[PDB]
Amino acid sequence: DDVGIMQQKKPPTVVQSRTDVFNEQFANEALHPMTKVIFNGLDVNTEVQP
Amino acid sequence: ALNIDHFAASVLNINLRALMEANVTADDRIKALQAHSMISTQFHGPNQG
Amino acid sequence: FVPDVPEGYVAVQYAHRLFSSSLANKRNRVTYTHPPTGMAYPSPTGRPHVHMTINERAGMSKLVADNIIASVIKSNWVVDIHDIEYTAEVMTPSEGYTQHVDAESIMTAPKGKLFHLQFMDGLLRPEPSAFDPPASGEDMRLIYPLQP
Amino acid sequence: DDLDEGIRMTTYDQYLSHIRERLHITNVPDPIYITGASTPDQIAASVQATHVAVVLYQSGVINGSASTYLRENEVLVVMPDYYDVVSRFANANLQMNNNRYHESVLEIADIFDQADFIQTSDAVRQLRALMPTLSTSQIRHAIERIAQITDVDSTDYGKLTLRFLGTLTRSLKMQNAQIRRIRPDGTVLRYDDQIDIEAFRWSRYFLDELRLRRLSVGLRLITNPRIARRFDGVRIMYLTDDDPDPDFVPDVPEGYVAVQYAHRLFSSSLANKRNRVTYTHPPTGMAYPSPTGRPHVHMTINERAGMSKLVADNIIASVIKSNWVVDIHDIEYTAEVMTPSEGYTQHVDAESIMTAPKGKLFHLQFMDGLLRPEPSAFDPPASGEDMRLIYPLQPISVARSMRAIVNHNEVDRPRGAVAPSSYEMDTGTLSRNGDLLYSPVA
Amino acid sequence: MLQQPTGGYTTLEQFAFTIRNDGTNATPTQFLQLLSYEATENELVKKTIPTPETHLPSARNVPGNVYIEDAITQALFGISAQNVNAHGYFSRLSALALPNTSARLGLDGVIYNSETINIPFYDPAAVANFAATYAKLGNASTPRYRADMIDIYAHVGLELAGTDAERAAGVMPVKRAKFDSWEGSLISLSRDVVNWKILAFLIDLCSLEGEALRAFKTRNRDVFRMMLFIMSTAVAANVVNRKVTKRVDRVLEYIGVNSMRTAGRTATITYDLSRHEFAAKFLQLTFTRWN
Amino acid sequence: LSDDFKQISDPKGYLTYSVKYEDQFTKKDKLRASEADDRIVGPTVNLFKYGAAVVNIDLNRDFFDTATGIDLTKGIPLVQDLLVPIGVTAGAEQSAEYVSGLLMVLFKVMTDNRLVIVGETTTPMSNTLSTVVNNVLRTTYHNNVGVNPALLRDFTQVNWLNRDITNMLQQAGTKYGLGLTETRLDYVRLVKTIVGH
Amino acid sequence: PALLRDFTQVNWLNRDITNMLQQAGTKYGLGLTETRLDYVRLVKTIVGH
């Protein structure tokens, strides 16, 4: 129970469905625990407070 | 339990109490930033606490 | 065609004050509140059936501005917008679609912008054959009008 | 009841193979025939001379008083074939003739108490009924392979070579081959001492004490619940949570309809403007021509062979977009736990889990994650994350001893960690004569 | 086995409960007074509690020698527990309520398969009625079955500072607790309560009957109040220290309201989000069964 | 003379230990002990290094080797050929390659022939052992001591794990002990003498 | 037209074969049926397929 210093490991996250017509099929998918983000290239918080 | 004299031992103990005790959360630093920008700017991020 | 609120739903307002970041298990994830009961729901799953309406997209932290859409596809959330202008037009069966708006540019774009959509007619659409092996995959729609 | 007592039934062929050639070595008159009349008196008196306590059933109906003498004395009955047992004794008052059903057990031939015979135990049978049925040529091949892995070659074996015929080959599958004397006509005789020595009395062809004592101990490692690591079946669901440890079977939700998978309930019919693969609800007989509300069911695939495409997708799509609980069985896999750090090394697909050949066992690794430091207070949040698609139902952890040897806080165990058992930490004493002992307890 | 003592398993005395009032231990009754109560202009209404859905997780028997009793005590009072709500431990427990099962709950709090000689336990019937009710907590987390939180806390308060004319009536004014202090006192009492064998107090709260119960609730009215306070600490929002004379004092901000987080990250014990999911479904069972 | 079985210095064993370390869990307290306090409980400490994820047991990778066809990279004893489709060509992977490998590991244990010979043994002194590691040793240990829990009685900083170990080695239901122990079959001479280790 | 009793997509035809073939009248078979052994030599000679 403590905050790690060395960087960890990731799935890693992937973008998918956005537009107003999909027609997805659900082929493949791996079955391993992963992450899927809706918006492309987010993670915006560049402010650093010393 | 160290070997430094009772003066320096008393100084370091009082210097530690006021750090653990006296509190300032991440929010208090986010409340200060709302005083140096166009009124109505919105801040999000680090958990308040 | 305007799809409505199916059945058991509750209309709530929007304020950045109800979308706060918290800590569940071993990670930081944006948490909902659901004002009529004051709960948690730390994931885009199990969230009670809402009819959340948005008046203005002002302080929409692009993270929590996304999390709403991600909850539309996993909890049947029926959301709204009121400041958006569009000049979508009827389209014929063949030729189909061309360009299309992104489900992210329609949540984090300037208030002034006027972007047009594109809708389908489908009445003179060619139907299937008699005996045939059925093909797989399904069609989806994400943004409906309410005018009509 | 009790899943015990009652009466003990055995097929006649199983009797003649094991029991008959063994009670024949000693000088006991063959087991008495069960009377059409009732003999609840001498049933055990004639069985006392034979000692085995098994009684041969023949014809007629067993008496009411002979129906209870069999239950109490632990005596056994051998019927030629059981279509029923109702008419064999006519269960008079209580309900037994064919209602409160049987079960399946093993006997280990403990009903003798004569030493030097029955060396092998229960466990050998369990190992046998696990492999596919071997044909004559397969057995011949299997004998040859084990022989040549230890150098000692078999140039010719069982095969007789006449110079005016070529090379004819026999089979090599004997069983309880008891070398016995042949009479002139070509018939097995029997055991008449003073004519046939002592070397030909039994025995399992093996190197006296040395092999039988070595095999006896080594057989027990083979049938141990820590070596058998070929877990069967996999349940496939689409709840998204993740958990500290592997082997987390997510129980089927509160209210579901369990339907048996058929090669019929999936039909192809027209809906709206196109052809679609449609489900058909067995209890209500409905349509649902799209992977949406079904409503949710509990599927169970047994034959994942003739399922074919298109249908293999409607199953793997309704689990995602309708919360279906599916299932597989023929799939065989070898599981091994994986440390939280370093992550996965190999990832399979949900389409290949529906086309994998019946007898080809692939390995699919399961993630741990009990010992993983949580993130710092200041960092970017998350949005709609991980969905896991597969689950073992065993569980897949037989080798453990101890787990995650790290302390929490400073003086307590982390939630879900185990210590070594008080068995691998007890050096016993030698037996009163031969082997190893334990404590003794209390 | 120890059979069962008539009048409680808590009247045995082998295992009791003593808060460590610094260098000298005491009794829960003796500790409650050092605290006074400040009535503020806020009011809570005693809200009724919904029934608990009956659907405890099915039986599995993975081989773990699960410390079910140890896990329970850890989440409610334990200092910064981790993975408290994981599914595997409870499922194993529910096997316990089953008539005729070779699975005995150890007196020390460790669950076994089959049995042992060297270890005495609780007779199978005492545990049977216990796990009938606390196995349910197991699935408290599920989206469908999950319990409330922002409202059960209208009960915590009446008990901690519930005046007798107040728990006689329905509504109590929002109070503000304040008591003498030793600086590391909040964490210190929380470190201490973790070893009470809280199993014993619960495995008999389902076995005691009509008269033996009337006497049980009228005596341990403290042993309950204690773990309630220590628990209500993590929840209330602001901890203010008062420096008077030569004394030092801790004020707990609001006894009856879920602030939703923090309490004092340093001055006390904190509750994660997988804690409100747990401690809530816990109180939903002890309270209902309690009254 | 025929010479049936051959003798060895140290026995092997069928069941061994494995581990998966986490290379980010190090305690900042470099502890220390004596040299005889080290040797007896030495290699067992370096199999349970502070921060080990899982420590499981299985078939030995060594005793059953490719010299006898036995192959186990997976955790399952997999042999290459035993029972097979004859007319048809074999497969790249088959579930039958297991019920044939488990039948092959049963062959090797049966055709065994080894005699243990006492060698390398040394004796420590009472002045040079912790009072905990002393009443567990029977005069003379075997120098090439193997790994075992309970032996790491008081050498791990894992405060929790240290508990159950003491409790189990207290209830009189179990008694751990290595070294030259007492035997029934004793002084029985054939060429030298029978001792029990 | 019987060895495909569970390999065809055509739905109607499938149920039909696995009904008149499953019937208590007929039954399908394939491969080695039985063997005639030799008197003096003791080897398989005339096999039925």
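Residues numbered from 1 in each chain as written, not as in the entry; some residues may be left out. Chains lettered and ligands numbered in written order. Part of a larger assembly, values for the part shown. Heavy atoms only, no water.

Its PDB header names cryo-EM as the technique used to obtain the model and reports a resolution of 3.9 Å.

The name the PDB entry assigns to chain G is Structural protein VP1, from the organism Bombyx mori cypovirus 1. The title line of the PDB record says "CryoEM structure of cytoplasmic polyhedrosis virus".

In the annotation of the PDB entry, chain E is listed under the name Viral structural protein 5 and assigned to Bombyx mori cypovirus 1.

> Would you explain the overall build of chain E in this entry?
The number of helices and strands found in chain E is 10 helices and six strands. Computed over the C-alpha atoms, the radius of gyration of chain E is 19 Å, within 12% of the 19 Å expected from 2.2 N^0.38 for a compact globule of 291 residues. Expressed along its principal axes, the backbone C-alpha trace of chain E runs to roughly 60 × 45 × 40 Å. In chain E, buried positions account for 54% of the 291 residues. Taking the intrachain contacts of chain E between residues at least 6 apart in sequence as the baseline, contacts between residues at least 24 apart amount to 74%. Of the roughly 12800 Å² of accessible surface on chain E, a fraction of 52% belongs to carbon and sulfur atoms. (Helix = DSSP H or I, 4+ residues; strand = E, 2+ residues; numbered from the N terminus. Rg over C-alpha atoms; globule rule 2.2 N^0.38 Å. Buried < 20%, exposed > 50% of the residue type's maximum accessible area, 1.4 Å probe, protein only. Contact = heavy atoms within 4.5 Å. Areas by Shrake-Rupley, 256 points an atom, 1.4 Å probe, with all protein chains shown as cover.)

> For this particular structure, what's the right way to read the arrangement of the chains?
Out of 14 pairs of chains that touch, the pair holding the most contacts is chains D and F. Regarding chain A and chain G, which are not in contact, the minimum distance between any of their C-alpha atoms is 21 Å. Regarding chain E and chain G, the two do not touch, and the least distance separating their C-alpha atoms is 36 Å.

> Looking at this structure, how should I read empty space enclosed by the protein?
Left-over empty space is what a probe sized like a water molecule reveals as it rolls over the atoms. Going through the model one piece at a time under the given rule, you end up with 12 cavities of 30 Å³ or more. Computed from the structure, the largest cavity encloses a volume of approximately 360 Å³. Lining the largest cavity we find 24 residues, and of these D:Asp245, D:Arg403, E:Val62, E:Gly88 and E:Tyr89 sit closest to its centre. Considering each element in turn, the lining of the largest cavity owes the most residues, four residues, to helix α3 (residues 88-93) of chain E. Looking at the lining of the largest cavity, its residues break down into 10 nonpolar, six polar and eight charged. Roughly 100 Å³ of internal volume is contained in the second largest cavity. Among the residues forming the lining of the second largest cavity, the class breakdown is six nonpolar, three polar and two charged. (1 Å grid on protein atoms, 1.4 Å probe; cavity = no way out; pocket = protein on both sides within 12 Å on 5 of 7 lines; lining within 4 Å. Points joined across faces, edges and corners; volume = space filled by probe spheres on them. Nonpolar A, V, L, I, M, F, W, Y, C, P; charged D, E, K, R; others polar.)

> What exactly am I supposed to notice about the interface of chain F and chain D here?
Accessible area lost when the parts come together is the quantity often used to give the size of an interface. Taken together, the contact pairs 67 residues of chain F with 66 residues of chain D. Together, F:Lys74, F:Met110 and F:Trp160 form the three largest contributors to the area buried by chain F at its contact with chain D, with a combined 12%. Taken together, the connections running from chain F to chain D amount to one salt bridge. With a closest N to O distance of 3.2 Å, F:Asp164 and D:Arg413 form a salt bridge. (Buried area = accessible area lost by both parts, 1.4 Å probe. Salt bridge = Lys/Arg side-chain N within 4 Å of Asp/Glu carboxyl O.)

> Hey, could you run me through the sheet that holds strand β2 (residues 54-56) of chain D in this one?
Strand pairing in a sheet takes place through backbone hydrogen bonds and is either antiparallel or parallel in direction. Residues and elements named next belong to chain D. Reading across from one edge, β1-β3-β2 is the order of the three strands in this open sheet, with parallel pairing throughout. Both edges of this open sheet fall to β1 (8-11) and β2, since each of them pairs with a single strand only. Sheet twist, expressed as the average angle between the axes of neighbouring strands with direction ignored, equals 35 degrees. Helix α1 (residues 12-19) rests against β1, β2 and β3 (76-79) of the sheet, and its axis sits at about 85 degrees to β1. (Pairing = 2+ DSSP bridges. Axes fitted to C-alpha atoms, helices over the stretch in contact; angles between N-to-C directions.)

> Just checking my understanding: could you explain the pattern of salt bridges for this structure?
Oppositely charged side chains are able to pair whenever their charged atoms sit close together. Residue and element names in this part refer to chain D. For the structure on display, the rule yields 27 salt bridges over all chains. For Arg-71, the salt bridge is made with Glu-5, and the minimal N-O distance between the two is 3.4 Å. Taken together, the positions of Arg-71 in helix α3 (residues 64-72) and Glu-5 in the segment before β1 put the pair 66 residues apart, joining distant regions of the chain. Judged by relative accessible area, which is 39%, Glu-5 ranks as partly exposed.

> Teacher, can you tell me more about the sheet that holds strand β6 (residues 247-252) of chain E here?
Residue and element names in this part refer to chain E. The antiparallel open sheet is built from four strands, whose spatial order is β3-β4-β6-β5. In this open sheet, the two strands that pair with only one neighbour each are β3 (35-44) and β5 (239-244). Each adjacent strand pair in this sheet contributes to an overall mean axis angle of 25 degrees, direction not counted. Relative to strand β4 (residues 172-180), β3 is paired through seven bridges, and the arrangement is antiparallel.

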